[PDB]
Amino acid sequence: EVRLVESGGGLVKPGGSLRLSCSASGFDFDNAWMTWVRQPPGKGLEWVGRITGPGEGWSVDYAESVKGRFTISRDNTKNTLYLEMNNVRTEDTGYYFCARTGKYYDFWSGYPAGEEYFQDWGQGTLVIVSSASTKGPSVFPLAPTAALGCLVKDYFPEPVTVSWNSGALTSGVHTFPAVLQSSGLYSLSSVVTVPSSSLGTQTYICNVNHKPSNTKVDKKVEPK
């Protein structure tokens, strides 16, 4: 029925430009008010802007955080909403959502008091604003039931994938979310809890793949 699909996200440097698009189906797009909402990773939702329908003359309103840098447009023929992002900054990362916007008002309240609500949302497209260059991680052993692991350090951009023993070992494996360090580079760790009797006897290898750098590393994790 109602479908909203955002696209255009990706990597851009500070000062750069990028255009996001949201394709809509299953509703009257021509009369629909459409809103852009963003969520930086680990942070709250932020209203970016909204474009109205024909009754308000396709009027656009923007958050002060983006006014003068971001432009919202629509093509009713394509059922498409656009976000033109210019002079982007690091604070503009990351997930951008398109939402069909409803209007509510108490009819006979007698006090002018309208508000908007976001009834249908797309899944979002991720925008990373960063000056960092593509870089594969270094993989370091976290040597030791007992816990052992691999530290996947200083890579950009996300993601990295980590398996153990070529994917044959999954039970007891926990791969943590990445952290963004002050250097602009990500780091993560993957840990596995293993029988103590197996420490120097069974081999544990973490396999790290970083596609953006074509990095594939296999690190055997041995006791010290």
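We number the residues from 1 along the sequence you see.
- The entry models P144 and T145 with a gap of 4 to 9 deposited residues left without coordinates.
- The stretch with the higher mean CA B factor, choosing between 42 to 50 and 157 to 165, is 157 to 165.
- When the two stretches 29 to 37 and 195 to 203 are set side by side, the higher mean Cα temperature factor goes to 195 to 203.
- The PDB entry assigns its highest CA temperature factor, among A113, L83, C150, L126, to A113.
- Between the residues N79, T71, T101, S133, the entry's highest C-alpha temperature factor is the one at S133.
- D106: CA B factor lies in the highest third for its chain, per the PDB record.
- Placement of the Cα temperature factor of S21 within the chain: lowest third of the modelled residues, per the deposited record.
- Ranked by C-alpha B-factor against the other modelled residues of its chain, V2 falls in the middle third.
- Remark: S187 belongs to the lowest third of its chain, ranked by C-alpha B-factor as recorded.
- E91: CA B factor in the highest third of modelled residues in this chain (values from the PDB entry).
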